[PDB]
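The structure under discussion appears below in the form of structure tokens.
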Number of protein chains: 2
Amino acid sequence: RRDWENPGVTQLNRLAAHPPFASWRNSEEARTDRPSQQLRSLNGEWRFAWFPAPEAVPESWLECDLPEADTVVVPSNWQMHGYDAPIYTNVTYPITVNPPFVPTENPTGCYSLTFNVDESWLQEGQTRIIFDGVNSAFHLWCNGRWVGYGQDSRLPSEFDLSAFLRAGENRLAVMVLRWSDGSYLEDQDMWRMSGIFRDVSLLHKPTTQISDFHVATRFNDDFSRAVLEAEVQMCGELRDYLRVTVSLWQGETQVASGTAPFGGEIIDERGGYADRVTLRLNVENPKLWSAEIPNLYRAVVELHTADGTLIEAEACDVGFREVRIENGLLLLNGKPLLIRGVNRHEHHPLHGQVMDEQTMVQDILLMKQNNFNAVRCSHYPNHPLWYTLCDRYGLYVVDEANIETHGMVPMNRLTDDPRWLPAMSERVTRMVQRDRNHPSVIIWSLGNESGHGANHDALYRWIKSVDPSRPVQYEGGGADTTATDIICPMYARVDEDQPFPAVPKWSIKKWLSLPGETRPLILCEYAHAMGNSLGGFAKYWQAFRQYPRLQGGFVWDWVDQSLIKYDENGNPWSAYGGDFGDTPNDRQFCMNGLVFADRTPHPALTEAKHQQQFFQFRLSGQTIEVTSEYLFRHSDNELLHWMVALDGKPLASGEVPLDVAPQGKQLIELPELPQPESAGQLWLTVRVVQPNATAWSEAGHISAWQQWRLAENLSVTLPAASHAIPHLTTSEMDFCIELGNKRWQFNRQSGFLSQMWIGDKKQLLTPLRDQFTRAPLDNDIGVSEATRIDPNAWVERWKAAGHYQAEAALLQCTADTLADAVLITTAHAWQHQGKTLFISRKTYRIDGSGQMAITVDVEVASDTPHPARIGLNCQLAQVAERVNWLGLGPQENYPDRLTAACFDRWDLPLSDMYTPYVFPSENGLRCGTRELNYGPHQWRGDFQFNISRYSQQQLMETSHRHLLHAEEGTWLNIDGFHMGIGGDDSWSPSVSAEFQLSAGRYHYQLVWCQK
Amino acid sequence: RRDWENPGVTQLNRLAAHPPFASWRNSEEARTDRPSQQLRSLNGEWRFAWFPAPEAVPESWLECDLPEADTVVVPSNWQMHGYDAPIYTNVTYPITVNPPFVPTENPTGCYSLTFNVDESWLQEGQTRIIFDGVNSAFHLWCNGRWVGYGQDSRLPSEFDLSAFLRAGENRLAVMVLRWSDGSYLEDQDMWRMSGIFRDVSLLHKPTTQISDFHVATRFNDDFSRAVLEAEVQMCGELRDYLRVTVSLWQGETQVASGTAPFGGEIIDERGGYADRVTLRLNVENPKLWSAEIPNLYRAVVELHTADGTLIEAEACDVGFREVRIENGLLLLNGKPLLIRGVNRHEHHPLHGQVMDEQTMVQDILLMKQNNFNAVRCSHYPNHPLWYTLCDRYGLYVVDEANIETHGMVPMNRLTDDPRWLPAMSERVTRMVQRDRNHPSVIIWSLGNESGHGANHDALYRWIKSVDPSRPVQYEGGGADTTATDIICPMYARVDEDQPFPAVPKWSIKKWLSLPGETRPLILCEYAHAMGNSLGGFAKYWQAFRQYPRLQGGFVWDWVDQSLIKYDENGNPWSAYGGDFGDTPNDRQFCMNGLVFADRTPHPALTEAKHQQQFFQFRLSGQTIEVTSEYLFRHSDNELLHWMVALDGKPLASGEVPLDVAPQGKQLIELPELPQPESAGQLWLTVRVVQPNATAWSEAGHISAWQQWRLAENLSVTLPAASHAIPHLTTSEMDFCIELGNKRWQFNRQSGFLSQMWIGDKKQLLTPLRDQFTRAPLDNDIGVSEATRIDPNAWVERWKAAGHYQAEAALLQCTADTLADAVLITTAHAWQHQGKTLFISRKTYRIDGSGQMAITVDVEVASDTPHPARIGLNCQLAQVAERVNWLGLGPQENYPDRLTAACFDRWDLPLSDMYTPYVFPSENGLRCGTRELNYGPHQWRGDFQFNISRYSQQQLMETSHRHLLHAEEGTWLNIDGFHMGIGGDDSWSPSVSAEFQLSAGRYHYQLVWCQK
Ligand SMILES: [Mg+2]
Ligand SMILES: [Mg+2]
Ligand SMILES: [Mg+2]
Ligand SMILES: [Mg+2]
Ligand code: NA
Ligand code: NA
Ligand code: NA
Ligand code: NA
């Protein structure tokens, strides 16, 4: 038969889709969501064995536990237990392309479980089982009898067990296949696993019962009145005594109650639905549900007789809300939304694709914590608890059908074929049937990266038809096809057009005004958070902010899909593509997250928090202007703390409770701010504080901040004549500078300061040389593999030009004795194949103060690529536990990424001065640095630096962070200038011209002193 | 497994759908539609065996042919050879409703066929099997081995046989089942049958072959230029040298040619379609296909190599045409159409549901000869040939998904269910894929009577998505749902509303003007033509002519769906519902044609013909104004005949050839028309004649005609004195009048003309008495059974009023002698259960002239139901061969059905005065009769009459027309007045007020005499 190879057989004997039931027996357990006794978890230890093919499975198996069968926990992913490898392929299908045929070698997993039933369940009512998540397909036998078949790994499969079930002991036999024709629709850029990864349960429902029910909430102009309307459907023997009651609860307060009997109104010629009923409850001044204040009534549906006898009950949480596109705009509850969002996969580093309440909530807090308001179920329906939690905590949700044919050719190859309609069809409807009643769900998605076929069109309209409460979006075939209510491109740039043929990506700004165009624009994907990323994220935030029809988007993505591995010794290490021996694999494109798989923030995470703050500020001299981005709430837990400091010295602070309405303004007037008996930079800094604790935030939680330079006083002081003076020892190839205990040596042949002594002690491990390169970022690399070169790749360019192989050439080197200092002169050329790429002209002026002042003058050939950096490097001998600087911090920060960084005096352990990106690259850069203090040293200027125990060479040459070793001393990279990082996408250049080193001439002056 | 009880499984291993194929191996043959050697028909003598169940089938059967097995022909309809009963039920599913289950008792048909297969087919390429029609599901085996499964009775199921064959003797085994879950989607108002009811064929295909192909014809603003775009797909091995050639032929002239290699344009990110190519051919000044003129080209598709080697060819007839809805109007080739449509079921009285070229062509000719230009495919896809004939003969076509759930509750019960989507989807999809290339198909339709559900919505879009050349239509749940391009109601009335809840039927005029509304309006069905029917037809035509957005319709319906049964003597007769035991059955509802099953015309047909005329005529004095309703053709085969006659005596005739352009006029002035010798009514008549023969018309066929009473010279002449006085002889038993050999006997007890002699010859069999009733037509009865009284039925009303039982009471009866004549004066009263319905007052005046003159005065209770009629009747003793009158004719004509009738002297056999409606009723009617002659008798006044050897009693009591025995003598009915027959619908009163006998006072006069 081989159903798993038939697009036309996607299930056999699978019950109908519906919202989550619990068949509660008491209205109160119901109203309270107390656990239902009619709901039984089959989770725990299960019996299990593996076979390379299903053909290989022993018939005994159906009748009796195999011997060699191990015990495992379920849910779980069999790759997680080590039965076979998990594959990390993005686009290219993990199997060969032959629809609709899976391979002969199809890792089949036979799971089994022996359990008991209560004789009570079998006398009356209906008993059925549920599988919430089976990857990818499966057959099912109970008590040696063949139950049925199911396809689609992200939606709930249920079968009626009533007829196989017996008193007490029963046995379940579950035959799981990895590959199935279902697979063709599941081409997701993620680890490819398999198994019983979701919850198995048992539900006992009465013979006569609740088959389904939907809930919808219609309002009035101003939303002062509303109507909740419920459609209840029943199954089983229909009797005139049979009644329904829908009650609406606000805690312990009944808000409304409705009672009726079955019998629909006339729908057509044949009549109406007798097994149906629609109640309409009016609610006065309803509490509106939103991501900002998730007001939530609770609805209880009860099937019962005219006599009061309660047949059974079901329930759900109700959110009063209206979602609508009107006049080119998305409305929430009548106000125009701003999507501060994020894509998220359900992923656990140890657990595989198994999801737990704990993880779930972790994510959510953090999410909420970060100025986030929406999540995108990229790209299959999520674990059911999730909707609820969002509904609960308050996040807007994009529920996506589980469909992605990315690997096809072209993409719409399946989706444009009728033969695949059904299959796809089953994938959209069921989600819908299941997820309907959840307020958090605000928009529907047809899936991902599967072109644009007629199949989309239909399903689009099907939705449209059954659920008009929400908009449909779909990006494929152009982000603007007829199967989307919303212009939802991915990787679309702010200003620049990506005119691909057929599927051009237009600047989002330009995109909205195309002749004919009128829809709202929301990015399904944008700001690829791959490694050292999110550069120019602000450039999006700005646009959004300015463009009304630019209603935001969802960052890609939330958390790194990294896996836990263990070495010989037992230390756990973060794994990725081709680490499990998976091939083909897509290396690290599985790591795009804003946080590490441990829910540990990436430094870009702050940049998002920052640009997604809900308070905006302007400063008019002494006046502060706070503006509200809340659509619905009042600044009722915010207090403004403000402060003024001088180059880090706080000349004043103060706090001011904010009292701003949504979308409103507040005027805060600062008290005259003292003058400064000194030179330097005046800076005023502000922060919003959440004095109290929320269900998501802590008390004293920081919601936003902003900072400006108030004024600056120039240093017109003239040193102080040097008491003592520096001495110069000329040698045949050295230049000695001695003063105090201190002394400098400049090797006359190389042209470089080669050694620094303070006392008897040597300060350098490595001379101090110029630098034009960086250890390549994921961004810089792209899809440049060692086997398939991307010539446009920044790394590629640099490589090919010899940026990384230049030979500096001593052009000049002189010593000179001034009246007050010794004057050192150098000049180098960096060449390659006789091309002079760079020329470096320095000066060192050492004076009696024991101060070394380096002056740097670079020239960059017009015809060569632009260098990642322009700075100096050397390896320190010293190795100190803290780093101290006057500058932009405290987190890592680059030129096209630093709007969140604040200017201050910073203190942290040398350690925190490194960012363990699993795939090593340039990192922990700190910008606009005035002062850097490390051990006995002091650097003074305007530069960006970095300091770790790892040479660039080492980073560049290492693949996994857990392979790095600290080196002797400390690596100190000091840049006069640093190149942008990019982020728009990670498989083509994302660096804005303005962040590129196009000048051709650079100037920089450092100060090298000793404290 | 039981696939038949699963909407999930609708096929297994069935191949893709595609336009018709023959895999020609030589272009000339393809070009010339010559028969392809690679197409093998397996129609013929087969083997058969029937079982009540599948379970009853013997294993043996797959390997060996049973002995009890019979030899039947294929295609065949098993109940035809009478293995089981054919059921005639309308709405009521003919099995218990329990989706998706069908009865255990499910009659199964065993078809086995042994054939030869040439080795050459086996060597190279693919040999597939095609089943054009199999009712209602089936399993497939070849050479013992199970091949596959298929559901849907109206479309082709294709299987690859390449693996199961062997050179020579091969054996097929087909297990066909009456019921499946398919059956739920197939509830049409027709005989429920089963079997291999359509052609079986063998295709042999190259391994590298054309797999599908699409054709499209685009134009310029005036259609002076066009583009042909051919999309071709191929299956098989892709090689650089493969080529495609699309040549266009107009006869033997190669209009255009295009050659290209495979490999389509970039579709998306993944790329394009390597396995396809779209060519584009420019046709200048293209001849345009229309129902008026079917300008066709031939498209030749070649799959060959770079080197000229033909691989295979495919082909199709191409009609350059543009169908579109602009500004609320349907336009064909830039012109708004007028549909003169008819619904068509595929039915043969002998063959059941089996079509043959013969029957097809005959319907079509007939159709065209009758002013029909389009056909709706009621309610599934037709025999593949049908299309080709329409493309060729010139008919517009509505292609219709085989989807009907009429017998569900509500109707949309399945179609609003996601689970059935699939099943439905493939029924729309596949139809589209097959018929896409035919020009005759101008509109798609999603089925019949299935309410309105979301699945309609989806498939609607899909279609639109895939074929935009044509509109979609669907009447379900309202006729103006979101799923329809055209407002397509069924049975909506010209001016009266039918405000059904949920789904009102507005007046077509009104309907169009509803707020919001902008669509065109075509009735999917109007004019129920059930037996003595089609009254009020003009009323639609008038309308369609006045209202731009009223685009015409499709009358219901073509042919009576009766079947021949045989009598003891082996005499054929026509059956209907339950005349086979079918239970249940909807009796005569299966008969609604314009023609009899044998293709013999019902009299209503002429009225359709006439209102559907293409030339419209106006008279102004001596001027004729002709108008062409041809949109595209010139009156290039028509000449107009005109004639003047005096009370049927021709005084002038002529011919004039029509020179009228589309939508143009012609004026025609007539010579003088000599003053008349006598007195009476001058009539002018014009007719259109096609002197030349067509493909569908014979020579000198009449396509149009019209009459106009010009003048009237009233008679002011007095009777030549009586040269004899009648003698009145009284008695107590009766009054006696005598004059010569002639005598009249009036009964004084009864008050009626009991007897008459001329000579010694009695003239009457039954006395001349008033008549107030008719033998209820189908229309009169409705859906009223003798087990389910539908009170509103006219007949029920009549009955309950005892119009059929009223007993006449004699009030007065007197004689009197005038100077010149005798005067008999009467009065009766029909009463019933105490009420006085009618009051009938008369005068008989016999004079020396020997003329007896009846003057009648009727009073009708206001509060009683309007009578079917008001005349007299009597049984003549004479029985004659001809009938001669001067009035409307020569065909049967009723008050609300008489426009196509003509006023003249007519001569016909008695045979022709009876209209043999299978289901007997009042019939025969000829109105506006001024004089009537039968035997030696002459009646003269202004009445409508009827005359046959069948009393209304008999008719009113005989089910089959075949049970009528001619009574002794002639039955005569002379109505002063008759009620209209209605027929807008046949299940409610359709008789318009202007046609109801409402006045309450009726006056009439007759003059009886001898020839
Ligand atoms: Mg399958
Ligand atoms: Mg992908
Ligand atoms: Mg089935
Ligand atoms: Mg019907
Ligand atoms: Na905006
Ligand atoms: Na690296
Ligand atoms: Na019209
Ligand atoms: Na019918």
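By order of appearance in the structure tokens: chains A, B, ..., then residues from 1 within every chain, and ligands from 1 in the order shown.
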
Can you write out as a Markdown table which residues of chain A fall within 12 Å of ligand 5, alongside each residue's closest atom pair and its distance in Å to one decimal, counting only C-alpha atoms and all ligand atoms and ordering rows by chain and ascending residue number?
```
| residue | atom | partner | partner_atom_place_in_ligand_line | distance |
| --- | --- | --- | --- | --- |
| A:328 | CA | ligand 5 | 1 (Na) | 11.5 |
| A:329 | CA | ligand 5 | 1 (Na) | 9.4 |
| A:330 | CA | ligand 5 | 1 (Na) | 10.2 |
| A:331 | CA | ligand 5 | 1 (Na) | 11.7 |
| A:335 | CA | ligand 5 | 1 (Na) | 11.5 |
| A:336 | CA | ligand 5 | 1 (Na) | 8.1 |
| A:337 | CA | ligand 5 | 1 (Na) | 7.9 |
| A:338 | CA | ligand 5 | 1 (Na) | 6.3 |
| A:339 | CA | ligand 5 | 1 (Na) | 8.9 |
| A:340 | CA | ligand 5 | 1 (Na) | 10.8 |
| A:508 | CA | ligand 5 | 1 (Na) | 11.9 |
| A:509 | CA | ligand 5 | 1 (Na) | 11.3 |
| A:520 | CA | ligand 5 | 1 (Na) | 9.5 |
| A:521 | CA | ligand 5 | 1 (Na) | 9.3 |
| A:522 | CA | ligand 5 | 1 (Na) | 9.9 |
| A:540 | CA | ligand 5 | 1 (Na) | 10.6 |
| A:541 | CA | ligand 5 | 1 (Na) | 9.1 |
| A:542 | CA | ligand 5 | 1 (Na) | 9.1 |
| A:543 | CA | ligand 5 | 1 (Na) | 7.6 |
| A:544 | CA | ligand 5 | 1 (Na) | 4.5 |
| A:545 | CA | ligand 5 | 1 (Na) | 4.7 |
| A:546 | CA | ligand 5 | 1 (Na) | 5.9 |
| A:547 | CA | ligand 5 | 1 (Na) | 4.6 |
| A:548 | CA | ligand 5 | 1 (Na) | 3.7 |
| A:549 | CA | ligand 5 | 1 (Na) | 5.8 |
| A:550 | CA | ligand 5 | 1 (Na) | 4.7 |
| A:551 | CA | ligand 5 | 1 (Na) | 4.7 |
| A:552 | CA | ligand 5 | 1 (Na) | 6.9 |
| A:553 | CA | ligand 5 | 1 (Na) | 10.7 |
| A:629 | CA | ligand 5 | 1 (Na) | 10.5 |
```

Please identify all polymer residues within 10 Å of region 76-78 of chain A, counting only C-alpha atoms, omitting same-chain residues fewer than 3 positions from it, and present them as a PDB file with N, CA, C and O atoms, in the first residue's frame.
```pdb
ATOM      1  N   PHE A  48      10.775   1.341  22.751  1.00  0.00           N
ATOM      2  CA  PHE A  48      11.197   1.841  21.457  1.00  0.00           C
ATOM      3  C   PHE A  48      12.385   1.135  20.810  1.00  0.00           C
ATOM      4  O   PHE A  48      13.359   0.784  21.465  1.00  0.00           O
ATOM      5  N   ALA A  49      12.315   0.993  19.479  1.00  0.00           N
ATOM      6  CA  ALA A  49      13.328   0.341  18.650  1.00  0.00           C
ATOM      7  C   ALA A  49      13.356   1.020  17.305  1.00  0.00           C
ATOM      8  O   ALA A  49      12.353   1.592  16.881  1.00  0.00           O
ATOM      9  N   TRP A  50      14.499   0.867  16.651  1.00  0.00           N
ATOM     10  CA  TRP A  50      14.802   1.484  15.376  1.00  0.00           C
ATOM     11  C   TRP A  50      15.095   0.470  14.279  1.00  0.00           C
ATOM     12  O   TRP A  50      15.643  -0.585  14.529  1.00  0.00           O
ATOM     13  N   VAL A  72      12.714   4.840  26.500  1.00  0.00           N
ATOM     14  CA  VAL A  72      12.956   6.224  26.171  1.00  0.00           C
ATOM     15  C   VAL A  72      11.815   7.022  26.693  1.00  0.00           C
ATOM     16  O   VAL A  72      10.721   6.518  26.939  1.00  0.00           O
ATOM     17  N   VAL A  73      12.078   8.295  26.760  1.00  0.00           N
ATOM     18  CA  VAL A  73      11.026   9.181  27.134  1.00  0.00           C
ATOM     19  C   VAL A  73      10.393   9.778  25.893  1.00  0.00           C
ATOM     20  O   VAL A  73      11.042  10.001  24.873  1.00  0.00           O
ATOM     21  N   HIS A  81      18.411  11.063  21.064  1.00  0.00           N
ATOM     22  CA  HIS A  81      18.725   9.961  21.928  1.00  0.00           C
ATOM     23  C   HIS A  81      19.836   9.164  21.323  1.00  0.00           C
ATOM     24  O   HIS A  81      20.329   8.201  21.904  1.00  0.00           O
ATOM     25  N   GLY A  82      20.201   9.605  20.133  1.00  0.00           N
ATOM     26  CA  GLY A  82      21.240   8.969  19.399  1.00  0.00           C
ATOM     27  C   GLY A  82      20.849   7.759  18.573  1.00  0.00           C
ATOM     28  O   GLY A  82      21.648   6.839  18.498  1.00  0.00           O
ATOM     29  N   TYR A  83      19.698   7.718  17.904  1.00  0.00           N
ATOM     30  CA  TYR A  83      19.473   6.544  17.072  1.00  0.00           C
ATOM     31  C   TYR A  83      19.983   6.730  15.661  1.00  0.00           C
ATOM     32  O   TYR A  83      20.335   5.761  14.988  1.00  0.00           O
ATOM     33  N   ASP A  84      20.044   7.999  15.247  1.00  0.00           N
ATOM     34  CA  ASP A  84      20.546   8.410  13.938  1.00  0.00           C
ATOM     35  C   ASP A  84      20.830   9.906  13.953  1.00  0.00           C
ATOM     36  O   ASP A  84      20.506  10.561  14.960  1.00  0.00           O
ATOM     37  N   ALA A  85      21.455  10.429  12.870  1.00  0.00           N
ATOM     38  CA  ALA A  85      21.791  11.862  12.802  1.00  0.00           C
ATOM     39  C   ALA A  85      20.672  12.787  12.413  1.00  0.00           C
ATOM     40  O   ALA A  85      19.754  12.434  11.677  1.00  0.00           O
ATOM     41  N   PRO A  86      20.810  14.007  12.898  1.00  0.00           N
ATOM     42  CA  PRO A  86      19.883  15.053  12.561  1.00  0.00           C
ATOM     43  C   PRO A  86      20.553  15.859  11.439  1.00  0.00           C
ATOM     44  O   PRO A  86      21.774  16.066  11.430  1.00  0.00           O
ATOM     45  N   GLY A 109      10.887   4.277  13.304  1.00  0.00           N
ATOM     46  CA  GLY A 109      10.950   4.184  14.752  1.00  0.00           C
ATOM     47  C   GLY A 109       9.669   3.573  15.347  1.00  0.00           C
ATOM     48  O   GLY A 109       8.581   4.130  15.256  1.00  0.00           O
ATOM     49  N   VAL A 134       3.761  14.293  15.595  1.00  0.00           N
ATOM     50  CA  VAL A 134       4.420  13.116  14.989  1.00  0.00           C
ATOM     51  C   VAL A 134       5.152  13.438  13.704  1.00  0.00           C
ATOM     52  O   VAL A 134       4.594  13.841  12.671  1.00  0.00           O
ATOM     53  N   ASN A 135       6.451  13.233  13.775  1.00  0.00           N
ATOM     54  CA  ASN A 135       7.331  13.523  12.663  1.00  0.00           C
ATOM     55  C   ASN A 135       7.960  12.260  12.069  1.00  0.00           C
ATOM     56  O   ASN A 135       8.717  11.505  12.739  1.00  0.00           O
ATOM     57  N   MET A 193      14.788  16.531  12.129  1.00  0.00           N
ATOM     58  CA  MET A 193      14.677  15.468  13.112  1.00  0.00           C
ATOM     59  C   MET A 193      13.539  14.582  12.685  1.00  0.00           C
ATOM     60  O   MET A 193      13.329  14.526  11.435  1.00  0.00           O
ATOM     61  N   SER A 194      12.886  13.928  13.719  1.00  0.00           N
ATOM     62  CA  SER A 194      11.763  12.964  13.599  1.00  0.00           C
ATOM     63  C   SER A 194      11.381  12.358  14.931  1.00  0.00           C
ATOM     64  O   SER A 194      12.237  12.185  15.791  1.00  0.00           O
ATOM     65  N   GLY A 195      10.114  11.951  15.070  1.00  0.00           N
ATOM     66  CA  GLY A 195       9.660  11.294  16.304  1.00  0.00           C
ATOM     67  C   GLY A 195       8.345  11.782  16.938  1.00  0.00           C
ATOM     68  O   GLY A 195       7.606  12.613  16.367  1.00  0.00           O
ATOM     69  N   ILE A 196       8.060  11.229  18.132  1.00  0.00           N
ATOM     70  CA  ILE A 196       6.918  11.622  18.943  1.00  0.00           C
ATOM     71  C   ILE A 196       7.366  12.796  19.808  1.00  0.00           C
ATOM     72  O   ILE A 196       7.624  12.608  21.008  1.00  0.00           O
ATOM     73  N   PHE A 197       7.462  13.989  19.176  1.00  0.00           N
ATOM     74  CA  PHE A 197       7.969  15.144  19.846  1.00  0.00           C
ATOM     75  C   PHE A 197       6.940  15.947  20.535  1.00  0.00           C
ATOM     76  O   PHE A 197       7.234  16.957  21.173  1.00  0.00           O
ATOM     77  N   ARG A 198       5.728  15.516  20.413  1.00  0.00           N
ATOM     78  CA  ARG A 198       4.765  16.246  21.171  1.00  0.00           C
ATOM     79  C   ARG A 198       3.951  15.250  22.000  1.00  0.00           C
ATOM     80  O   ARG A 198       4.151  14.049  21.875  1.00  0.00           O
ATOM     81  N   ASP A 199       3.042  15.780  22.825  1.00  0.00           N
ATOM     82  CA  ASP A 199       2.167  15.119  23.806  1.00  0.00           C
ATOM     83  C   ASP A 199       1.117  14.159  23.314  1.00  0.00           C
ATOM     84  O   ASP A 199       0.356  14.418  22.397  1.00  0.00           O
ATOM     85  N   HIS A 351      16.970  19.209  24.100  1.00  0.00           N
ATOM     86  CA  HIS A 351      15.723  18.559  23.868  1.00  0.00           C
ATOM     87  C   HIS A 351      15.304  18.429  22.391  1.00  0.00           C
ATOM     88  O   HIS A 351      14.292  17.783  22.044  1.00  0.00           O
ATOM     89  N   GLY A 352      16.074  19.017  21.487  1.00  0.00           N
ATOM     90  CA  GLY A 352      15.630  18.937  20.129  1.00  0.00           C
ATOM     91  C   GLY A 352      14.403  19.857  19.943  1.00  0.00           C
ATOM     92  O   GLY A 352      14.376  21.008  20.412  1.00  0.00           O
ATOM     93  N   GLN A 353      13.367  19.359  19.244  1.00  0.00           N
ATOM     94  CA  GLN A 353      12.211  20.199  18.919  1.00  0.00           C
ATOM     95  C   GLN A 353      11.017  20.035  19.805  1.00  0.00           C
ATOM     96  O   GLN A 353       9.856  20.305  19.375  1.00  0.00           O
ATOM     97  N   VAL A 354      11.380  19.562  21.011  1.00  0.00           N
ATOM     98  CA  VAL A 354      10.418  19.338  22.059  1.00  0.00           C
ATOM     99  C   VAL A 354      10.347  20.605  22.853  1.00  0.00           C
ATOM    100  O   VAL A 354      11.358  21.257  23.160  1.00  0.00           O
ATOM    101  N   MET A 355       9.115  20.940  23.159  1.00  0.00           N
ATOM    102  CA  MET A 355       8.804  22.171  23.841  1.00  0.00           C
ATOM    103  C   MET A 355       8.189  22.005  25.228  1.00  0.00           C
ATOM    104  O   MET A 355       7.199  21.277  25.396  1.00  0.00           O
TER     105      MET A 355
END
```

Report as a CSV table (one decimal) with C-alpha atoms, in the first residue's frame the set of chain A residues whose atoms approach chain B to within 8 Å, with distances computed over only C-alpha atoms.
```csv
chain,number,residue,atom,x,y,z
A,8,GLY,CA,-3.5,11.6,-1.9
A,9,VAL,CA,-3.5,9.8,1.4
A,11,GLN,CA,-4.4,10.3,6.8
A,12,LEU,CA,-6.7,7.4,7.4
A,266,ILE,CA,-32.4,28.5,7.8
A,267,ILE,CA,-29.3,28.5,5.6
A,268,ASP,CA,-30.9,27.4,2.4
A,269,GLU,CA,-33.4,25.4,0.8
A,270,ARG,CA,-32.8,22.2,2.7
A,271,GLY,CA,-33.0,24.1,6.0
A,272,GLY,CA,-30.6,24.7,8.8
A,273,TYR,CA,-28.4,22.8,11.2
A,406,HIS,CA,11.7,25.8,-0.8
A,407,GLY,CA,13.9,23.0,-2.4
A,408,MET,CA,11.5,22.7,-5.4
A,409,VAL,CA,12.2,24.1,-9.0
A,410,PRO,CA,10.8,26.2,-9.4
A,411,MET,CA,9.4,26.9,-5.9
A,412,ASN,CA,5.8,26.6,-7.0
A,418,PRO,CA,-3.9,20.4,-8.2
A,419,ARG,CA,-2.7,17.0,-7.3
A,421,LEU,CA,-4.0,20.8,-3.4
A,422,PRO,CA,-5.7,18.4,-0.9
A,425,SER,CA,-5.4,22.2,1.9
A,426,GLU,CA,-5.4,19.9,4.9
A,429,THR,CA,-7.7,24.3,7.4
A,451,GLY,CA,6.4,30.1,-4.6
A,454,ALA,CA,-3.2,28.4,-7.6
A,455,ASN,CA,-3.3,26.2,-4.5
A,457,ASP,CA,-5.1,31.3,-4.1
A,458,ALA,CA,-7.7,28.9,-3.2
A,459,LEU,CA,-6.6,28.4,0.3
A,460,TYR,CA,-6.2,32.1,0.7
A,461,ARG,CA,-9.9,32.5,-0.2
A,462,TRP,CA,-10.9,29.5,1.8
A,465,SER,CA,-14.4,32.7,3.7
A,466,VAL,CA,-14.4,30.8,7.0
A,477,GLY,CA,5.9,34.5,-5.4
A,501,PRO,CA,13.9,39.1,-12.0
A,502,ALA,CA,10.4,38.1,-11.4
A,503,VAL,CA,10.9,38.6,-7.7
```

*Please identify the residues whose atoms come within 9 Å of ligand 8, using only C-alpha atoms and all ligand atoms, and report them as a PyMOL selection string.*
chain B and resi 90+188-190+528+530+556-557+561+586+588-592

*asked:* Please determine, counting only C-alpha atoms, which residue among A:991, A:122, A:861, A:852 has the shortest atom-to-atom distance to residue 940 (chain A).
replied: A:852
